[PDB]
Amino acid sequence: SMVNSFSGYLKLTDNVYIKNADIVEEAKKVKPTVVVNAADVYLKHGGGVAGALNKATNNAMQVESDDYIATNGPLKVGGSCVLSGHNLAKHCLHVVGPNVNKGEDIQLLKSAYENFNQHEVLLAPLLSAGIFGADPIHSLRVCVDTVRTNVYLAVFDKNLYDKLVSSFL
């Protein structure tokens, strides 16, 4: 059931682990079965996790995503799709957290994290915690209280990581 080479993760719960790391570098090191992208409904991979993952695939993720949207239309807020992980992972699970900065319901963050339960092991970011404007501690708490499968969270920002791991969740 895949034993992966995740290294240097702090344990949060039975099934959630966390590390101060760039998700791109973790994916290159581990080559997991599933890397999660913090996507938008249009799969336009501009910045943050999505832009960094896409750049590391030499834009192949974006080209594949454009074909996905042309065939299927936008994802739902809280929804997901499974696409290739290209050189980074077997699969990329593109998951859309709510864009709280655009008035989308923060409750949809739970629906977003539920997608993780369809996969035994994931390398993932904190959904909605960047430009989508959700409180990062809240995103972590929802993750812990929603995901039952094994999730390795990569937190790029050191100061944020230090705050998250010293917080009650």
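Residue numbers run from 1 along the displayed sequence.
Legend: mean Cα B-factor per stretch from the PDB entry, 41 to 49 versus 96 to 104; the higher mean is in 96 to 104. Stretches 130 to 138 and 110 to 118 differ in mean C-alpha B factor, with the higher average recorded for 130 to 138. The PDB entry assigns its highest CA temperature factor, among 30, 123, 56, 143, to 30. When the modelled residues of the chain are ordered by their C-alpha B factor, residue 74 lands in the highest third.
Ranked by C-alpha B-factor against the other modelled residues of its chain, residue 87 falls in the highest third. Annotation for residue 160: C-alpha temperature factor in the highest third relative to the rest of the modelled chain, per the entry.
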